[PDB]
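Asker: next one to model:
(one chain, ligands or ions: 2)
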Amino acid sequence: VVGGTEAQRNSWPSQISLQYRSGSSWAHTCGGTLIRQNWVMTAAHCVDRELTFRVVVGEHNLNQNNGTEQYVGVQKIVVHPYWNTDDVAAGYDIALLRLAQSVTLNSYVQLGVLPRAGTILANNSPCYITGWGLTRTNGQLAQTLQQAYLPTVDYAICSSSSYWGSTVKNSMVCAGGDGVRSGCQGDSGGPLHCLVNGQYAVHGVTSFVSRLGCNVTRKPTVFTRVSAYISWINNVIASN
Ligand SMILES: *[C@](=O)([C]([N]C(=O)[C]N1C(=O)C([N])=[C]N=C1C1=[C][C]=[C]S1)[C]([C])[C])C(F)(F)C(=O)[N][C][C]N1[C][C]O[C][C]1
Ligand code: NA
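Answerer: Residues are numbered from 1 along each chain as shown. Ligands and ions are numbered 1, 2, ... in the order given. Shown next is the structure:
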């Protein structure tokens, strides 16, 4: 997250760290959202590689014992049928991961709340992106969970020439675009928490940024619109 501030320990308890094994250690590669005690929602492009993955919940500092983490293995990955590896711009960048075991909920570990199907947010709605990704374009990963205020940019403005044009579809939500704050490498798959009727609900799964850099004026961070996939999600959990 570029332009972020450190998040308090118990602010976004549905956030997870998706790690794969590298050598003898595991390395953070993407974020995610706990939606069931044994189901995580992330970006399809995070789990494309044939790697061994693990989910860490209750995580705050990546390289230090917080005394609140639970480490669970991933036993089933279900990527969206229409996802196309060579195609973040086509969409369907969503994947559900079945955990090997149910995690225990407490104040650092809670389920993120999902929006009703078809729910579209008004322009400039108040949202926060969270994650441990690069803090600067070409920089390094954050050690502690960072958060950044990222108001939405509706489809009309976002698909306009000066913004993303045709690269963005209606099954995606844009947030940010100020040149100061944004998602960045390592935040992929995490939540975009938006406040609707006094409650924060996860409206986007972090997908992509500009090839020029993370914080680019008029190139808001782009997320997969969770409300476009509510039936697919329930259909997967119901049959797995
Ligand atoms: C996300 O964190 C990342 N998303 C992408 O990079 C997706 N993407 C783009 O943003 C652009 N501009 C073009 N293509 C793509 C891709 C297509 C297929 C795979 S990526 C964020 C910018 C939201 C990530 F992709 F998952 C990623 O970068 N994760 C790796 C993080 N590493 C961890 C180790 O240290 C370096 C960063
Ligand atoms: Na930790």
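
Asker: next, count neighbours for the closest residue to ligand 1 within the chain.
Answerer: At 2.4 Å from ligand 1, residue 188 is the closest residue in the chain, using C-beta to the nearest ligand atom. Any C-beta I mention is one placed from the backbone N, CA and C, and that applies to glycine too. Number of residues near residue 188 (other C-beta atoms under 10 Å) recorded here: 26.

Asker: give me phi/psi at it?
Answerer: Dihedral pair for residue 188: phi -40, psi 140, per degrees, to the nearest 10.

Asker: isn't it right up against residue 214?
Answerer: No - counting by C-beta atoms under 8 Å, residue 214 is not a contact partner of residue 188; they are 11.6 Å apart.

Asker: closest to the centroid, which residue in this protein?
Answerer: Residue closest to the mean C-alpha point of the chain, counted by C-alpha atoms, centre = their mean, is residue 190 at 1.6 Å.

Asker: need the nearest residue in space to that one, chain neighbours excluded.
Answerer: Distance criterion C-beta to C-beta, 6 or more residues apart in numbering; nearest residue to residue 190, sequence neighbours excluded, is residue 31 at 2.7 Å.

Asker: got it, and residue 121?
Answerer: residue 152 (5.0 Å).

Asker: bridging residues for the one you found?
Answerer: Counting by DSSP bridges, residue 152 is bridged to residue 175.

Asker: how much space separates the residue nearest to residue 88 when sequence neighbours are not counted from residue 161?
Answerer: The shortest distance from residue 88 to any non-neighbouring residue, by C-beta to C-beta, 6+ apart, is to residue 208 (4.7 Å). According to C-beta to C-beta, to the nearest Å, residue 208 and residue 161 sit 19 Å apart.

Asker: ok, these two, which is more surrounded?
Answerer: Neighbour count, other C-beta under 10 Å: between residue 208 and residue 161, residue 208 has more, with 21 against 7.

Asker: hmm, residue 222 and that one touching each other?
Answerer: Yes - between residue 208 and residue 222 there is a contact under C-beta under 8 Å: 5.0 Å.

Asker: how about the longest strand seen in the chain: buried residues?
Answerer: Criterion DSSP state E: the longest strand present in the chain is strand 25-36. Neighbour-count burial for strand 25-36, counted by 16 or more other C-beta atoms under 10 Å, picks out 26, 28-35.
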